[PDB]
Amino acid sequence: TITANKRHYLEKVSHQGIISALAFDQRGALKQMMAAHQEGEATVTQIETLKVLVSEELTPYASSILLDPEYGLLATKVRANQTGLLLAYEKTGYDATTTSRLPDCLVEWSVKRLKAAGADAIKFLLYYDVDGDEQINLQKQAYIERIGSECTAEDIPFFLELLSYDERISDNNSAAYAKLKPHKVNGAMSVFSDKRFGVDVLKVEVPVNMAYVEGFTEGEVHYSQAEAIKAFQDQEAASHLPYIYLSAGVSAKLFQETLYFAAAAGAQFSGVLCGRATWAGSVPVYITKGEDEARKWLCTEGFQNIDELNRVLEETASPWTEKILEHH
């Protein structure tokens, strides 16, 4: 169930029950994107600045923005009036040499400090393999419980981001992984739907890899349209909690088509936390052509991406007001 104070915060990150939220808590991934356009490492100024620009120019078209508290704090100060704030709570990345991918909170933060920094919602990313080591998964469940309790005490929405994986498979983009994806994504959602975790909204992947779905590829087809529909219906049945889709690395167009497919399949998602699809193109422009030109790109191409996305959301998304349970 949802509390009155949590609901009131949830309304801040939404518009009319729909979360049309801009994702820009990327840290490692952004450093990589920037590195492919210049000689040196990305500086603190560069990361802080592009986040400021994206915040300034695109939050007028988003119901909320997700930012990291490491680099994105300047960007929290420059939001358009109606734009809610989500702050990431996890340390970025994982040790790829080991299999466990254990969760770890930013050492300088607590939910109380995140709330004090303006957060309307707490976000935490957990890598989860539902078929993985049981003691590792006990470890992960205890960790989420702690964070859920923090969010219960501070009476603020907890958004749990679930990234599925397999202990034995390095590459999430492989065909071998694609066959397993529905099981990993839906099984994880199902585990973290238990009241014990205090989750208010799930932020999840689409249950299939669209690159291997009939009608979306020139190559190997691992699911028919009907099979992909079934995987979305399974996602819909996997939880009772509201959920929003993360875009991962896909283009504005593929994501948009994914949302149409999702809605046609009967998936009832309350929004998206869309990142790279919207702002990826500003990275080359900012790094090579400077600050002023990046601003122009955001107000034209960047706006086009986000505005198209909002149009699709308006047609496809199901308000969380349909799903949320009141605490009276």
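Throughout, we count residues from 1 along the sequence that is shown.
A.B. asks: Where do the C-alpha atoms have the higher mean temperature factor in this entry, in 251-259 or in 117-125?
C.D. replies: In the deposited entry, the stretch with the higher C-alpha B-factor mean is 251-259.
A.B. asks: Test of understanding: from the entry's C-alpha B-factors, which stretch has the higher mean, 105-113 or 78-86?
C.D. replies: Result of the comparison: 78-86.
A.B. asks: Please pick out which of 69, 271, 281, 60 has the largest Cα B-factor as recorded in the entry.
C.D. replies: Comparing C-alpha B-factors across 69, 271, 281, 60, the top value belongs to 281.
A.B. asks: Say you rank 29, 264, 65, 53 by Cα B-factor from the PDB entry; which sits at the top?
C.D. replies: Of 29, 264, 65, 53, 29 has the highest C-alpha B-factor.
A.B. asks: Thinking about Cα B factors across the chain, which third does residue 226 belong to?
C.D. replies: It falls in the middle third of the chain.
A.B. asks: Relative to the other modelled residues in the chain, which third contains the C-alpha temperature factor of residue 177: lowest, middle or highest?
C.D. replies: Top third by C-alpha B-factor.
A.B. asks: Among the modelled residues of this chain, does the Cα B factor of residue 244 put it in the lowest, middle or highest third?
C.D. replies: Its C-alpha B-factor, which the entry lists for residue 244, ranks in the lowest third among residues of this chain.
A.B. asks: Comparing against every modelled residue in the chain, figure out the third that the C-alpha B-factor of residue 152 lands in (lowest, middle or highest).
C.D. replies: Ranked within chain, residue 152 CA B lands in the lowest tercile.
A.B. asks: Of the three thirds of its chain by CA temperature factor, lowest, middle or highest, which one includes residue 140?
C.D. replies: Answer is lowest: the recorded C-alpha B-factor places it there.
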